[PDB]
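*Asks:* Here it is, the structure, as structure tokens.
Each reported figure results from applying straightforward, stated rules to the coordinates on display, with no laboratory input. Because the Cβ atoms are built from the backbone with ideal geometry, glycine has one as well, and the counts that use them run over all protein chains shown.
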Amino acid sequence: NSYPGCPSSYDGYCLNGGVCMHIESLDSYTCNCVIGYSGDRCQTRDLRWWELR
């Protein structure tokens with residue numbers, strides 16, 4: 001499941017320019033970036049159309 005969360009236990013999980021979101025798949029926290037950036041946060045500073053509709 002997906003859940004909006006991102007404590008200060010990490011450290012700007014999202015960098016470059018991305019939002020922070022908590023996951024329920026394993027109670028893990030992820031992040032979302034934008035074109036030229038994505039993955040676990042914004043590490044994947046690449047393209048790869050990662051969007052639908």
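*Asks:* State, in angstrom, two size descriptors of the chain derived from its alpha carbons: Rg to one decimal place and Dmax to the nearest whole number.
*Replies:* Calculated on Cα positions, Rg and Dmax stand at 11.0, 34 Å.
*Asks:* What does the net charge come to around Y29 if you take all other residues with beta carbon closer than 13 Å to its beta carbon, with K and R at +1 and D and E at -1?
*Replies:* Numbers: positive: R41; negative: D11, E24, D27, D40.
Residues close to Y29 contribute a combined charge of -3.
*Asks:* A further question follows. For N16 and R45, calculate 0.36 nm times their separation in residues minus their Cα-Cα distance, and state this gained length in nm to one decimal. Each step should come with its number before you reach the end.
*Replies:* On the way: separation 29, 0.36 × 29 = 10.44 nm, distance 0.88 nm.
Gain on extension, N16 to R45, equals 9.6 nm.
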